[PDB]
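Just the one chain here, the form deposited without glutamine (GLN), laid out as structure tokens.
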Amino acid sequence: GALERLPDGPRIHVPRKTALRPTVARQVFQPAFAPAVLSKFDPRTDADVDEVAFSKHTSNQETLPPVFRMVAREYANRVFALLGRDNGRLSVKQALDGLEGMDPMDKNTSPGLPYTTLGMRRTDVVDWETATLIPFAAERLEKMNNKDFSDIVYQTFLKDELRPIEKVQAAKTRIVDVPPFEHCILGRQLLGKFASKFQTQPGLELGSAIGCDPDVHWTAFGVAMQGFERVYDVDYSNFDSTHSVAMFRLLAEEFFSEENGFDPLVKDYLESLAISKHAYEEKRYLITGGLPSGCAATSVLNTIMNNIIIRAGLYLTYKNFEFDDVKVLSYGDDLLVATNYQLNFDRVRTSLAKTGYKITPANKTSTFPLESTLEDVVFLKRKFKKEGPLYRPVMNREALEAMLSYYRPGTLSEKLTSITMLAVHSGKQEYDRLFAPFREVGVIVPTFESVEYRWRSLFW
């Protein structure tokens, strides 16, 4: 129903071969993670990755009850009271360069279709100084400006990454959707002003942690949450399903509305995300519902949706629930609920499952605990460790060991450099244990003290 097979087109190349290679650490740590299945003939699975990858799109939740509209409206009122309603569209130059609260558009990333077929890059289709598109791209943009997204095709392929061993064996490989470059430019034009503002004020008050640096913001987040009796963690991750098409409609008319300062065309842009045409080799699918991965605004949209959904679930579960009975901190599929009340998220899970949404605990368990505090929760694979008046993001051990066990040739040193800044919060003994396999074989890795100094100095 939600996945319609269109007529075939030309073959867009899809990578069937991982770029990931094992490090010296793999044989020591032996993680229950490995490169995702990219090929029909992978011996590590019995399933067909092409069938399994798209199975989530075969069914989609048609409708949502009235409570979702009510929560979206109220969440919108709180956001735009904080962020203001100056959310008009940016110019193409402004979109390319970016505003104070956001980076410029990456010129090295894929231009999308049909440019990848013709062997072109983003720098070929636009001049970055003048902000001038080539005749073909200018016509495409003007077409979209007339509310017509008819010939926008997302370049779709399998995501080359580490997955849990269970997902490898079931061929549960994630999908990447790359939109055309002019679709990305339009998207940043329409939502970039809001986004830059949204990503620069992460915290409990906004309800979002998007755009945070965990090194600094863990203290702010932690300090705001420590006064609450309880903090629960919620995971939205679900390979088998995607966002309802109805959710896009709610955001279009309750959140990203003209009354909240957005351009008239946003409704149509959001529709091009909700119902999208995707190219996967020769095959062409029309997919109803779901968020494309490669859209710059994806993680922001997912964060907002999931914030709305958890309160909707609470209203659906508890007749006497009120908006301010909890505080929410959302980041993509990860969510914290801070409250003084005792809440039963097993019951909330049952309520949300009636609307096609799955929630699980953020940790290993299969059931939600009745009691949960700040010290118990996991958020972006990190716990909250108190350090005087500060909080530090202590990353899960299995996560660190998995990251250290594989790499991409060429970028090893900068991967290890990033991991030192994650591993520092686990203490010197653990830090040295994690990097021991590398410097036993002669690799120089920054000392614990050098990286600990850097973090400490952030608050002096």
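Start at 1 with the first residue shown and count on from there.
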Stretch with the higher entry mean CA B-factor, where the candidates are 55-63 and 424-432 = 55-63
258-266 versus 70-78: which one carries the higher mean Cα B factor per the record?
-> 258-266
Select one of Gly356, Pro111, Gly222, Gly313: the residue whose C-alpha shows the highest B-factor in the crystal structure entry.
-> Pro111
For the C-alpha B-factor as written in the entry, point me to the maximum among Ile185, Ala246, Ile165, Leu206.
-> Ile185
Compare the C-alpha B factor of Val125 with those of the other modelled residues in its chain, then answer lowest, middle or highest third.
-> highest
Sort the modelled residues of this chain by their C-alpha B factor and say whether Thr303 lands in the lowest, middle or highest third.
-> lowest
Name the third of the chain's ranked CA B-factors that contains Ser150, choosing lowest, middle or highest.
-> highest
Taking the entry's C-alpha B-factors for this chain, is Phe136 in the lowest, middle or highest third?
-> highest
Modelled-residue ranking by C-alpha temperature factor, third containing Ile309 = lowest
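If you look for the form solved in complex with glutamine (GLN), you will not find it shown, but the lines that follow are about it.
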Contact label in the deposited bound form: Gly187 to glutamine (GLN), heavy atom within 4.5 Å = no
Would you please decide whether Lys193 lies within 4.5 angstroms of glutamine (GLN) in the deposited bound form, comparing each non-hydrogen atom pair?
-> no
Taking 4.5 angstroms as the cut-off for heavy atoms, does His243 touch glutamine (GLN) in the deposited bound form?
-> yes
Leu291, heavy atom within 4.5 angstroms of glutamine (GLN) in the deposited bound form | yes
Option from 337-345, 233-241, 210-218, 196-204 whose residues, in the deposited bound form, bring a heavy atom within 4.5 Å of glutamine (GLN) | 233-241
Find the only residue in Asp268, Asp333, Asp376, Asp97 having a heavy atom within 4.5 Å of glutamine (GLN) in the deposited bound form.
-> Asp333
May I ask you to choose, among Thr317, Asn302, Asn363, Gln226, the residue with a heavy atom within 4.5 Å of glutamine (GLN) in the deposited bound form?
-> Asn302
